[PDB]
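Trainee: Taken in order, these protein sequences are the chains called A, B and C. Using our numbering, you'd call the opening residue of the first sequence number 28 and step up by one each time. Using our numbering, you'd call the opening residue of the second sequence number 650 and step up by one each time. Using our numbering, you'd call the opening residue of the third sequence number 942 and step up by one each time. Right, I'll just put the structure down here and ask away after.
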Amino acid sequence: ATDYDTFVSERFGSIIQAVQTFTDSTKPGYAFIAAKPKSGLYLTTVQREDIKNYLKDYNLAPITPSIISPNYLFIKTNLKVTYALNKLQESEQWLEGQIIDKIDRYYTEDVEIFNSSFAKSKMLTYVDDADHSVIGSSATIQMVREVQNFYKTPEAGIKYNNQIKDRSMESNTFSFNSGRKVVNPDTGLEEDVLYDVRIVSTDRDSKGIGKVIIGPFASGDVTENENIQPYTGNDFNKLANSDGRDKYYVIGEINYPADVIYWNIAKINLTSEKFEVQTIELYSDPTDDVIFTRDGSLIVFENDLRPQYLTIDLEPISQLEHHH
Amino acid sequence: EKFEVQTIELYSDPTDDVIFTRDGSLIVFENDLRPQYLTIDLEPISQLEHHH
Amino acid sequence: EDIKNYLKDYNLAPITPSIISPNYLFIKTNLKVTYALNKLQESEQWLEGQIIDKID
């Protein structure tokens with residue numbers, strides 16, 4: 028870690044706020060250094076080529092350390108703060124600002140650091156701490172791993188470094204392109220029907236394993252031969268429809284206890300071409316309210332840039348027959 | 650007569666992230682004399698990096 | 942288990958080195974020492990001790 032990270036952390040301390048090295052058991056030979064810009068999220072490919080070009084500075088001929096951006100774990104927070112009407116001078120809009128700062132001040136200080144961790148109980152005491160009028164808060168978290176490629180998990184897998192619950196793992200939705208014509212003079216003569224779809228996990232087996240299955244289809248546009256046939260279990264979360272779509276299929280699988288997640292859309296004869304996205308986001312409920320980082324993973328609150336991962340509900344109180 | 654007891658306990662869980670006491674009501678914590686109203690389950694954690 | 946638990950101390954997540962006891966090769970020795978009566982003060986039992994130390 029610090030053996031080489033620190034140096035770098037000297038010649039570049041004006042940008043990078045977090046640097047640590049690690050190996051991949053598997054990508055033998057390769058040493059990577061994750062670095063987080065103090066100034067946001069991803070170092071720029073120019074900022075990255077400069078930093079790599081101090082590798083020559085310190086003479087090493089062997090292929091030498093790949094710099095790269097950190098594997099972020101995000102907390103989708105659903106915050107609720109109840110406050111006293113009397114004791115609150117400015118706008119609700121102000122108050123939010125006042126606390127959404129506190130959250131960040133906790134993250135920067137105690138969390139946004141390698142192998143340091145997020146404790147929901149701590150940041151809530153930060154929230155409480157934001158005004159002299161913030162009587163008490165509560166909070167509900169999710170974990171977000173932002174997936175680089177939707178089509179197949181890495182060679183190795185995707186892991187949260189944390190225990191999730193059953194059926195918990197679920198990506199967002201991405202358009203699948205069937206291939207049929209719609210024949211609609213509204214928009215010409217042909218739209219190419221494309222219905223949303225997601226990738227969810229099902230319940231632990233006898234032995235700790237689930238199945239990573241992929242959202243609703245219309246019989247025809249997925250070819251089934253004995254082997255590859257519709258999944259049947261109802262041990263997962265189906266999604267809102269308006270269409271006659273209820274045929275989910277099975278790729279990869281979740282090892283709940285070892286938290287590893289592998290899937291590969293290929294397991295059903297569907298080329299990347301068929302989906303109009305390239306990136307997705309995987310969510311899942313933690314088991315605990317204390318969540319952890321490990322090799323090159325970093326937990327981070329970047330809220331003016333990932334605002335989708337915080338929501339604040341306030342509850343103004345006076346006196347009082349009622350706060351819900 | 651058909652009931653062994655005299656006193657019982659009435660549990661509800663609030664919608665309140667804040668519980669209000671009020672008239673003659675009083676929120677108290679007497680663990681010694683009311684230990685039943687507190688269970689602590691600890692959990693120990695492995696150390697992280699010790700190496701540098 | 943103590944010694945293995947410095948493996949965490951120095952951070953490595955991969956399954957990391959198994960400590961274990963050495964594969965011993967032993968020499969069954971059948972020793973014979975001939976000594977001079979005159980020049981030996983203490984017991985034979987002593988002498989043995991004296992040499993069984995030297996071996997070690």
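The beta-carbon is built from N, C-alpha and C at its ideal position, and this holds for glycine as well.
#1: How big is the Cα-Cα spacing for A:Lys63 and B:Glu692?
#2: On the criterion of 16 or more Cβ atoms from any shown chain inside 10 Å, does A:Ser52 qualify as buried, or is it exposed?
#3: In terms of residue numbering, what span does the alpha helix (DSSP H) encompassing A:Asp30 cover?
#4: For A:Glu342, name the three-state secondary structure that DSSP assigns.
#5: Kindly indicate which residue of A:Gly242, A:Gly184, A:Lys274 has the alpha-carbon position closest to the one of A:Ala285.
#6: Any idea what DSSP makes of A:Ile130, helix, strand or coil?
#7: Can you give the Cα-Cα distance for A:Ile255 and A:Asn188, rounded to whole angstroms?
#8: Is it right to say A:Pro313 is buried, meaning 16 or more other beta carbons lie within 10 angstroms of its own, or is it exposed?
#9: Determine, using beta carbons only, whether A:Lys274 and A:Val249 come nearer to each other than 8 Å.
#10: Can you list the residues of chain B that C:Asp950 reaches, using a CB-CB cut of under 8 Å?
#11: Pick helix, strand or coil for A:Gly124, following the three-state DSSP scheme.
#12: Starting from the C-beta of A:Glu217, find all residues in its chain whose C-beta is less than 6 Å away, skip the five residues before and the five after it, and write them out in chain order.
#13: Return the chain-ordered ranges of every beta strand (DSSP E) run that is complete within the region 55-128 of chain A and spans a minimum of 3 residues.
#14: Quick one: list the residues of chain C neighbouring A:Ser52, beta-carbon separation under 8 Å, in chain order.
#15: CB of A:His349 to nearest heavy atom of the ligand FMN: below 7 Å?
#16: Taking 8 Å as the threshold (C-beta atoms), are A:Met196 and A:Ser311 in contact?
#17: If you reduce the DSSP assignment to three classes, tell me which class A:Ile281 lands in.
#18: If you measure between the beta carbons of A:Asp32 and A:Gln44, is that distance less than 8 Å?
#19: Would you say A:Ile241 and A:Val224 are within 8 Å of each other, going by their C-beta atoms?
#20: Roughly how far, in whole angstroms, is the beta-carbon of A:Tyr336 from the beta-carbon of A:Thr104, given that I think they are within contact range, below 8 Å?
#21: Exposed or buried, which one is A:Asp131 when buried takes at least 16 other CB atoms within 10 Å?
#22: Which same chain residues end up closer than 7 Å to A:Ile295 when comparing Cβ atoms and leaving out the 5 residues on each side of it in sequence?
#23: Is it right to say A:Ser198 is buried, meaning 16 or more other beta carbons lie within 10 angstroms of its own, or is it exposed?
#24: First and last residue of the beta strand (DSSP E) that includes A:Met170?
#25: Is the beta carbon of A:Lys114 closer than 8 Å to that of A:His159?
#26: For B:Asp665 versus A:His349, is the C-beta spacing smaller than 8 Å?
#27: Taking 8 Å as the CB-CB cut-off, is A:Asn189 touching chain B?
#28: Pick out whichever of A:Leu112, A:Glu329, A:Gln169 has its Cα sitting closest to the Cα of A:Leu309.
#29: Helix or strand or just coil, what does DSSP make of A:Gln335?
#30: Since A:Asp322 meets chain C, which of its residues come closer than 8 Å, beta carbon to beta carbon?
#31: Out of A:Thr109, A:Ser93, A:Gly124, point me to the one whose CA is closest to A:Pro334's CA.
#32: By the three-class DSSP mapping on this structure, what secondary structure does A:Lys147 have?
#33: Pull up the DSSP beta-bridge partners for A:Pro313, would you.
#34: Helix, strand or coil, according to DSSP, for A:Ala45 in the structure here?
#35: Once the 5 residues before and after A:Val220 are set aside, which same chain residues still bring their CB inside 7 Å of it?
#36: If you compare alpha carbons, which of A:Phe101, A:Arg38, A:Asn268 is closest to A:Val171?
Mentor: Taking the coordinates as given:
#1: Cα-Cα distance, rounded: 31 Å.
#2: Looking at its Cβ environment, which holds fewer than 16 other Cβ atoms inside 10 Å, A:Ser52 is exposed.
#3: Here the alpha helix (DSSP H) through A:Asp30 covers 29-38.
#4: Strand at A:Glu342.
#5: Closest by alpha carbon: A:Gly184.
#6: Helix.
#7: One alpha carbon belongs to A:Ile255, the other to A:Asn188, and they sit about 31 Å apart.
#8: The residue in question, A:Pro313, is buried, as its Cβ has 16 or more Cβ neighbours within 10 Å.
#9: Going by beta carbons, A:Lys274 and A:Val249 fall inside the 8 Å limit.
#10: Neighbours of C:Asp950 on chain B, chain order: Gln696, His699, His700.
#11: Three-state result, A:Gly124: helix.
#12: Only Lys208 meet the Cβ criterion.
#13: Along the region 55-128 of chain A, the beta strand (DSSP E) occurs as fully enclosed runs of 3 or more residues at 58-64, 93-95, 98-111, listed in sequence order.
#14: Here the neighbours are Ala954, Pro955.
#15: In the structure on display, the ligand FMN does not appear, and there are no ligands present to speak of.
#16: Yes. Within cutoff.
#17: Secondary structure at A:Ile281: strand, using DSSP grouped into helix, strand and coil.
#18: No. Outside cutoff.
#19: Going by C-beta atoms, A:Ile241 is nearer than 8 Å to A:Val224.
#20: Rounded, the Cβ-Cβ distance is 6 Å, consistent with contact.
#21: Within a 10 Å sphere around the beta-carbon of A:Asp131 sit 16 or more other beta-carbons, which makes this residue buried.
#22: Contacts found: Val249, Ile255, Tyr276, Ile278.
#23: Burial is judged here by how many other beta carbons sit within 10 angstroms of a residue's own beta carbon; A:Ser198 has at least 16 and is buried.
#24: Where A:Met170 is concerned, the enclosing beta strand (DSSP E) stretches over 163-174.
#25: Yes, Cβ-Cβ distance for A:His159 and A:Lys114 is below 8 Å.
#26: It is not a contact, given that the beta carbons lie outside the stated cut-off.
#27: The C-beta of A:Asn189 comes no closer than 8 Å to any C-beta of chain B.
#28: Closest option to A:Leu309, Cα to Cα, is A:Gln169.
#29: Helix.
#30: Within 8 Å Cβ-Cβ: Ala954.
#31: It is A:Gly124 whose Cα lies nearest to the Cα of A:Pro334.
#32: Helix, per DSSP.
#33: In the DSSP output, where bridge partners are listed per residue, A:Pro313 has A:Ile191.
#34: A:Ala45: strand per DSSP, three-state reduction.
#35: These residues qualify, in order along the chain: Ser205, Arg207, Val209.
#36: If we check each option's Cα against that of A:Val171, A:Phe101 comes out closest.
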